[PDB]
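Quick setup: the structure tokens below cover two forms of a single protein chain, split into structure 1 and structure 2.
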Structure 1
């Protein structure tokens, strides 16, 4: 008897499914929008990417079989840093690089039997897409959500551009993990995402997303209970407002500090102090914010010779000015609480100011004297009637009391900052603004979009050196002012890649509209995304930014939903066994040579055998005569451990790779790509083929029609097992439990073998085989389709999903 042979059959079915257009989505649709995170065309796709993309294909096929109108699209996140950094690293022009990579990625997807509605392809670096970036940008400008501001920004010296706060990961560039970001002062474009902070927080509650992602976004947004508190100045009319995120500490405010630039600094200075204060104010203004944000620097300040009354204690406190208080934040004035704020602690110690404890540490009380500030939550003490209150609650109680007594007011604030979107890079969407010497910043009219990127041909011209490459090109930026008609300069910064990806899932609903980003009728018919699949690395990047874009476009009236992704599933990383290099072992201790340690990215030069085990590593004898330390590491280019699709499917096959992926572990978990997994996939597919091949002749002479209620013995038993299997596989598919679905098919395959020991090929067996192939199709579609055609005329796409007999489960 012949054996399963994936060669030839896969190419045959791949072409068939595409020709037939089974995965073409209707312009207006039950619907299911199954979305996977579209890739940066920055390199070869490997099995890691293909775990994400096979997962979407499984669900898309399953839903399509059930009768849903299914939208399952693909496209290219082709602008900004990832495409351009990759092209530039290999001295290639971005456009050439991007389209070569797209061609390769398409083939990788096709060869795995993944099916998209390719009629909905988007390529974000094309003006047919980026013109709509520009349109959205103009609407944001119009609605008070896009602005230019001077201030401190994060700078990647390798990218040679500013980055958004979200693109800084443990102090490093999201793209250059070895490179600490630096601070610069620059005038840049921002999207006012903080205008949506409360909605972004509150609207997480209804969401079928992993709790870890919700927690990351909650922490990132970082809502806090704050207050403005008024301090009356002794002998004066003015009451100084201070902004505080610790209103619970008010009874411990022992002095006030005003920014040097605060109008009251010179206004309140005693006559004899004025000279000294003015000199200090002038010295401060000679510094940069960075310089005033510097630490380890001398603590400086001047006492103004003025006092304020603490509104809680009714006690007189001195008013100082000091460099460390910045004029542009809060009210430009602070209450200093040396017992609980370390900056104030060090200042008070230097200048001999009182330190007063008002938050007690739970467990062991704070010592006397206090040697450093106590900055964590505790129990209010020396705080009059608030004594004993847990301090976070006490914030709310002090705010209520302030408001009641006319002494201040609650002010809610957020850790979240506005989104720095402009980039000093060529390969990105031009910002649709003009700078006129007379009018200021003026928008490009909607009717002139796109503002086309100029076609720079020389890679060395494009290479970013600190300024936008477009600054070298007056043929692009020299223009006329739309407002007054005089000479003006186009903005020369471009939009970050995350602009593009914040609405692509809407473009897929209307991919060729040349009058709007999309028609709301079409978007609203397909939205929200029923199931989104992609990596947790986007938790506060794309998965936050997209929610902002959707709420904005909703507020413009263009989108009915306020949440773009109703379900989000974060897939764990595919890892590969990776050689980190030689080690030496003596007893229980493994010595790591420097190059081995550095590749592992760990501080230890010595690990115990137990440490090696616990990190998932092992020691393997090498030909070089040493033991090498091997460990699973995330599949990626940087580790040189990618399993690429072309070579693998040529040597083995697509269904083999699909089963390897899908069976390895729960999809939310990490998995290791292994030879054992590949062999297990072969064993299963071979066993399916063998069972059906063994019975092919008998199956051809058997009808599938029977009456379930007349079955007896093993026939009745098989019918029950069949429906148990169907229930389990269907529910697992709905839940993305893909590995246990496959386990259920493996177990039912065993049942089919066991059945055939006692029973011949019967009508019920034929129906079981039919149903088996239908249930197999989302997972191993090529084999399923191959065997289906041995007995039945049309595609598995046309066969439907089998109907569950609930009575069979009793």
Structure 2
């Protein structure tokens, strides 16, 4: 009997599929129903290890499966080559972006191949290639003609390291999404913006009937931050200008004891009295250089400064002082807020800090508010000290005060969103050029459609493209010196480049027509493949990619190019992958595990000594090491940085693909985080082995046996197996359609074990033949090699043309099941009787069990509950 050998069959079969062209997506899916399985394309930066493969595998399992079922599958793959992620990688290794990009793409593309993964590469797409970004620019123009793209000056986020501006969504915890060790800063500058906010309502209203992870949906709702309320106009004293503010508590208007303007608000300086004019300019610019991190380090000791001007409370008419404090966001509402310390803990704290007035106008139902208040009372209540509103309820009060302000023309009801606009212009070389020219006479002029693409200046000098503070294209007149396509005089091309997230925002749409030189894609085509039925990815693109794509699809929908309005119908979010990591040497002494500083620091814990127990309790262990000392190991995220990756190729060579697949899809539940391990792999070896042995050993017999027969005529073990078979066929089919792989696999390990047992007694019957035909077909998605291999010992064509096994309902039916006999609620034993056996039969069969405990325990019995399914309770 031969043995299972990966190398001998793996690469073999891989070529076979590639050449046979099975996962080649059709152009316009017929009435066969389509399936668009797609995983987020990668950032060509770094080598591919196992942690990275978890997502593509699943997409492969899924794609293969759907393919067998007959659906027209589209399982594209490509590269998110342009932007900061890539360029920053290259620049780190002093390599030229274009070289570094095509280097990874080559490697990465090999790994995937070495894994059994099949794409329809006739659709590969590289974002940084002119053939692609050509269209980023064509889109950008169409957005401009619809006034969705524009320029504007103001403070923006700046990443010193990246040496460019970042969108708000690229500022995770006031730090760069890439350099979580670099505190983002603020700078005055004029950039480009996409009016995503013009889609704030739809972007929210459509999240409703969506089948996505709660976590994601939640986050977007918070990022969009819709907030119903009112815009109130406070007349400034002496001047003509009226200052507007936003609030959700118009019912506390009489509580307004002072206004507050954002340090960057226009009037903050145009109102500050001369004697203060200096103190304001000092603080205004002080709040600027203050990084978000620095702000969030003050707690509630917020700062502020009195301008020197006053305003009139459009409700009472009294003169309230006007201040300015960083806690107010120029980018939110109207950069101005009416302060009501009595009903807002943030304002309250401020008021009490700078000796400002606190005035209650909302009374708590029942137990009166302790005067003087010691804390702002926010909850609803009754309106007091509020002119003609006294005795009204906060709730009804609002719409009233609103309708009121609206009548007097002092304010209006208005909805505002937290969502700020999208800042896409970037000061980096490696990126799409913004198709705009800056004529001196006409101003900002768009490049003609046909004059596209605006090719990127070829710069083969690393030390040149390196960002120093402004677009590298600024020192290249050969590029930025052109003529205005409007008047004709001398103009200047835009030196800034679109951000990476601009191209990743519609690729899924590009794969549907990867070679279109007239349009970014043919509507007819994309309409036949969208939306994306399944979308494997990660949650780190919650407010980013998953946000922007929705915008872009809505925009493209309005141009009438895409019929849907939500790109990703389904969306899975796989979990991290960990791996036992070496943390360093330790000094064991009995039970005391003293830690040398280098190790401790790596563990990142305050303790400098632990007990053999704590080391265990924290999930670590002590191993012997090549340096002849004891090292401490403990899982950790598998990453290059950690140097605990498990390289795809170096692995498949020594082990196998299918082995890595199984070890990955059975480690734990997909969404959970697994821990790649030796034992994990060893187990996959054994599972794959036995699958092989079993079919090998009955190969000859199988060949001379026919797999045809009449099910109803089956009896005994035969009939038994036939059930267990379809029992499995069902669990497996469902588990797949629900992305629950671990169990689909185990469902197979279990039937395998079933097949072995069946041989201990029964020969090699037709049913058994069929049992293998089905086992293989089902195994395909997980171990496509070993399956195709064994499958050919008895069948001609590839598993790809076998179809998915048809489940047989009638077969799932039980007869003579195993009921459990319990005495007085406690399970005393079990018996074997039909699913229909009447109480009399069960009672009987039970009264004489192994230990006849049902008898020794039931020497009285009163009531007897009997669930024909599997229960018989003898209530003593």
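If you superpose the two forms and keep the largest set of C-alpha atoms that fall within 1.5 Å, you have the rigid core. Positions refer to the first chain, counted from 1.
With the core held fixed by superposition, the comparison between structure 1 and structure 2 singles out 360 as the only member of 530, 563, 715, 360 whose CA moves by at least 2 angstroms. Annotation for residue 398: C-alpha shift of 2 angstroms or more between structure 1 and structure 2, rigid core superposed. Annotation for residue 133: C-alpha shift under 2 angstroms between structure 1 and structure 2, rigid core superposed.
Taking the rigid core as fixed, one finds a CA shift for residue 234 of 2 Å or more between structure 1 and structure 2. At residue 644, the distance the Cα travels between structure 1 and structure 2 is 1.1 Å after the core is superposed. Fit the two forms on the rigid core and the C-alpha of residue 579 turns out 2.7 Å off between structure 1 and structure 2. With the core fitted, the CA of residue 267 sits 11.7 Å away from its counterpart between structure 1 and structure 2.
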